[PDB]
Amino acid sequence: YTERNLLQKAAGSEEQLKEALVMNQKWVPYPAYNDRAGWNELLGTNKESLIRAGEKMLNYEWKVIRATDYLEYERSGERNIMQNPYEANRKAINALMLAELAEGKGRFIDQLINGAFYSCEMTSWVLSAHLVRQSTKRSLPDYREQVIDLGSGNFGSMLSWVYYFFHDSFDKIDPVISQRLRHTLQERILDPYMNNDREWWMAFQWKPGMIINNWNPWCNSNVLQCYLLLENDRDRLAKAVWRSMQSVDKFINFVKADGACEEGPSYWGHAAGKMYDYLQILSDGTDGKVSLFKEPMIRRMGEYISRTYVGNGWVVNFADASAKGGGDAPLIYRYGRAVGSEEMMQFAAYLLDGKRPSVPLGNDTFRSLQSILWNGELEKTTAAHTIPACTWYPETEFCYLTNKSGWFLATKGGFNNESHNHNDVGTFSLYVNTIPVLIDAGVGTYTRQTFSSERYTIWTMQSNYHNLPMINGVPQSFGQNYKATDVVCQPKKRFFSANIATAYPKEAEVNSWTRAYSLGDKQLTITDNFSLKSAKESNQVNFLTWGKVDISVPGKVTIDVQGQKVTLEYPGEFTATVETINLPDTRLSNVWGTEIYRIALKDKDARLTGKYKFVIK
């Protein structure tokens, strides 16, 4: 945590903010509903696909979300029973809105009215799992209280746009529709935001040890759209926009300055990506007077999604994250354009893989509309993903290294209480021509143990199944104070090392253990350099991999995967075995196939001090 307060410094004060604010929704960057020519020019060939999406919803049947659909969360923790009809309802509305903007003949208005009307009858827009933050802590929506969550924020931003575009059309049919929708938005977004200081995601009660995360910018971004679209009293608007700036500053203050996403690439789009959206929304709402887009840290927070991307759908997957990824190109484009990152824009074009971008349907109206606005520029942008020799994130302690023969090495220092922590201090992952060769297993299906204190009985979470030693046969231990020390990165030598001794418990009986990586033009060198207090058990050095693994030759492990070969050479003191790891969990088997392997290298004798050297070529 660092007291940057970038937003508050950029605006100066509420009073200065109030003068910057753009009233009467003149900041809106889309064409008027009645500007058919404008919508045609902007949509191009997307027009037709949006209209056919609306035709599907012409006969959409609104679903009651049952009381028992909420009660289930309490009974059993099941959430899909509630989420599935809720999302269907919400997506129907968003697609009817996009279809009506594209066609503009009033043919979707009746169902828009139905969706708005139904939406005002629903007790709550909040997800069943998030309703336990009511006073009473019940999962059943309590008509006497309001809460704001991820779900209700999106639902509010969508209905605010529905109001903005269509209130005049609704009024021709019956003024009560608009009138009530406006009153509902006031009751469910606008008032609770201002009147309740204690929502955890707002972080006005934050103290060291408490989390701030994606919720903060995500919730705030939605709140801000609602205020900019509905609040036509300048004093009330400035007060609310100022509070959102103070809240989001909490998130910007908490993040690491090197710009790495600790949640990882799978979460980037809703963490730094929703911050970006919040900042777009605030910029447009202040005629660009309030902007952080020239700030390097905001740029680096964006480029992380480029640097973690290895190729052909593989991403760096430290912690409990998927090895597969390849994010929202339209999003990545817009972030890149805003911060002047050519890297980000080229990469968005690269993710399209020679295909035309699409307007997303989904439940995020801001992103649907912004994809309509900027997709045409994305479609013309020249594609590339040029990955530098070294990327070094010194606070987060991620290091990505690359050579000209198509090798990508990811390594980390860090600590064993990271987001979605794995016990993996000093681990590496190696890819050759985008093919994973020494691998990090990543995310499995959630069970009762996952978020319990039996978590580290799950093999994917254990240093045992990462590319690490078991020192005196002991793995790393969970905890904030199990960390790398003496962390070094020398970009010019493609070098990283960390004293990983301090990520092991006392039972490891280790004084120091330096794990070091040196990527040459055609090889990787790994070294382990250690002093133990007692030589109790043979050290065991483990490598995770897949494909065909051949340990027949002593001193050498050949790995063949998808026509890529590497050879791992190890010292004579070790004996090699290869253990099969079957993958019943399809969340893993969909990624790696039905089985992967652990290469176990067990030192023939215990030693007090020693140096192991591994070469992969």
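Numbers follow the displayed sequence, beginning with 1.
Looking at 207 to 215 and 135 to 143 together, the entry lists the larger mean B-factor for 207 to 215, computed on C-alpha atoms. Mean C-alpha B-factor is higher over 443 to 451 than over the other stretch, the pair under comparison being 314 to 322 and 443 to 451. In this structure the maximum Cα B-factor among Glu262, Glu87, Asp284, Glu377 is found at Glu262. Per the deposited record, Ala508 carries the highest C-alpha B-factor of all listed residues (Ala508, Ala92, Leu150, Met158).
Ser13 sits in the highest third of its chain by CA B factor, as recorded in the PDB entry.
In the deposited entry, the Cα temperature factor of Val64 sits in the bottom third of values across the chain's modelled residues. Split the chain's modelled residues into thirds by C-alpha temperature factor. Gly406 is in the highest one. Annotation for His385: C-alpha temperature factor in the lowest third relative to the rest of the modelled chain, per the entry. In this PDB entry, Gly104 carries a Cα temperature factor that places it within the middle third of its chain's modelled residues.
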